[PDB]
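Quick heads-up: the structure tokens below are two forms of one chain, split into structure 1 and structure 2.
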Structure 1
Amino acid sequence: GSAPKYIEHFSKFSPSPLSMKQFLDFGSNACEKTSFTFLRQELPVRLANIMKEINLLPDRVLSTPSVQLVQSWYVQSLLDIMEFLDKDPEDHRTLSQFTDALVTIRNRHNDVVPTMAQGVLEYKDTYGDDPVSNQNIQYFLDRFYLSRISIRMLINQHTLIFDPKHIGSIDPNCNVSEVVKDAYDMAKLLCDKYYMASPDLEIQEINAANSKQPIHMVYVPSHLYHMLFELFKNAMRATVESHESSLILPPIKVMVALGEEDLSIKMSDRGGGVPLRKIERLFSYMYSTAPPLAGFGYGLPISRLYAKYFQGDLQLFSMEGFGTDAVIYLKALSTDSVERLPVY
């Protein structure tokens, strides 16, 4: 077949990062034809760029069942999208069977994450868990997952618009605190269920420019929830477990600061912290892979990719003996929120 040729062709192109503006302008609808003509080019670009990177992996990794699996998915998905390169954007069936095609692709790729996890696992027992294996896994998975996040963003934007207020997965009016409370309510629910004690939540807002206004932004709230949800899980585990032979359960304090470009979200706990040495391993896919509420692999690094994805970040610093702070940094301004795609 043609796969390695297509890979070859489209991996000469560079994925085109979009900004929230451009994202918003894509269904504000009837320029679905325009989403179609765009996506039939750009998915193959993006699919191919990562596919080529998968190929640069040494044979001992690439030859493993897990990788060969997801690689087979990427090939089929690229083929699936190929069928439409000739097709004409004015035939309303051309269009609606592209949607199906995108939907089907998105389901095909669902289990990528625990699949790669299995490859890491096999690799760990099969070749060792040395620092250098670890930089390498990290390097590849941070890019891959990031790649994949951006592919999904594209598919979801398309399928959700072409079945106001919300534009696909973008809320142009996301109330950050609203999303915080939700993630907290849900983490508490699970925290209550497994621990039978859950810390309270305290939120403070700091709108620097407008003392009064509630903090709203343009974002992808499911993205934000995911990140918050994961940080809640962790801060809850730590809070509860560090205090089981003690009466008070200190609340989890979250602050939302809106600056001139940063919108920053800090989740501070009193869980007794982590010493500085063990902080880098928390983001390591490898060290957080192994054969409840947490101990539950990948949430941190993936949450951090989520933040990186529109030029944000996610950092942890801890005080051993006291607790951990966790900061999600996001762009305040739609203008500054541009996709961040792995290089190639």
Structure 2
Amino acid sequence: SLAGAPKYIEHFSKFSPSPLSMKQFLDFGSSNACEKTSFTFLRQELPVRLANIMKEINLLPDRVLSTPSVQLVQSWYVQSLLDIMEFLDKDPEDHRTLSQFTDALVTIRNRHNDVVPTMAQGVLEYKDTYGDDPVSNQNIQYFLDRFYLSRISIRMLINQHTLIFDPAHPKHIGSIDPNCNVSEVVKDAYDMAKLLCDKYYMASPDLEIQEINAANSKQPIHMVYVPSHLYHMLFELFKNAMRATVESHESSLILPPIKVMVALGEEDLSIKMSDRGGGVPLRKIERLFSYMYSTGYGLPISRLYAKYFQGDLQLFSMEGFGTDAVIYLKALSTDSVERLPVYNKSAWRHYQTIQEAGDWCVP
């Protein structure tokens, strides 16, 4: 009773995703009027976001697309798109439409739960089956950043709808905390990382937090943010900083602490995590964000969470000494706008590359 998936994919891929600001997410209410609006918005926007990324999947090297795990993920996206197409002709005024829609969104979220490791298995299958090559590798890197950021954005839309229209923190708006205390999230991530570090090494570095509230030096630093995303990024950073610290201090009973600075400026809210874990040579920094070498997507996915609301996550090491990691976030909810990949000529062209000598000299 539905059209074939390609007809829907072609239709919806013509549209650009519509990025929302944290402010817009936050200003969305919980009434039936609001639920109907959410429904009518998402039955267009989710297909747009699904179709856009599905079109890019098809630009992957034949070698990568031919893998069973990539084909499996594709099949999930197809079914999720079709699940939403069932709602195109349904009446929002009918409460049953709305409840059925929420049920379908939950089903989609569950279906896609294992997307990250499944795609990673696809990358492994490509390497095992064909051997890796640098052109394919570059395409995979570009694609996966966009694919995973797209997924984060779809999960955000779904979580907002299901949380609001179907509880530990009643002050939250869906998954958003309008008054997220950054240092408390830092402490939560540290605590969980410490449990793991203590388990394996029977020791862990202490934590020191310093806040710099430039405009209001006395005031504890808060922001509008999705605490789970911030936690994810900090937990990954602590795990790396702790492991470095303990492993570079095999002989020591005294471990240097991990120092976190939370700075609030006019435009940025920046969080720096500094360790004395001996560092990494610059040559090896890029590999930390590579899906290929990491095939352990902790750091690249963490950086995508940062980029999702127009921030970033950057690493700067000093080999022989230690490493600084910085999460850059927008301080203002109005500047915190979804960063969404779009399928267009620019994106298509970016794939169209081939093997050749680079523009820099080798001996």
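Here, a residue number simply tells you its place in the sequence of structure 1, counted from 1. Between two forms, the rigid core is defined as the largest C-alpha subset superposing within 1.5 Å.
- Query: Upon rigid core superposition, which of the listed residues (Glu202, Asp86, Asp125, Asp192) is displaced by 2 angstroms or more at its Cα between structure 1 and structure 2?
  - Reply: After core superposition, the one over threshold is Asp125.
- Kindly check if the Cα atom of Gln71 is displaced 2 angstroms or more between structure 1 and structure 2 relative to the superposed rigid core. Comparing the forms between structure 1 and structure 2, which are aligned on their rigid core, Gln71 does not shift its C-alpha by 2 Å or more.
- Residue shift check between structure 1 and structure 2, rigid core fit, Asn134 Cα at least 2 Å: Yes; that C-alpha moves by at least 2 Å between structure 1 and structure 2.
- Query: Upon rigid core superposition, what is the positional shift of the Cα of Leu247 between structure 1 and structure 2, expressed in Å to one decimal?
  - Reply: Taking the core as reference, the C-alpha of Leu247 is shifted 2.5 Å.
- Task: Could you tell me how many Å the Cα atom of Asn156 shifts between structure 1 and structure 2 when the rigid core is held superposed?
- Result: A shift of 0.2 Å at the C-alpha.
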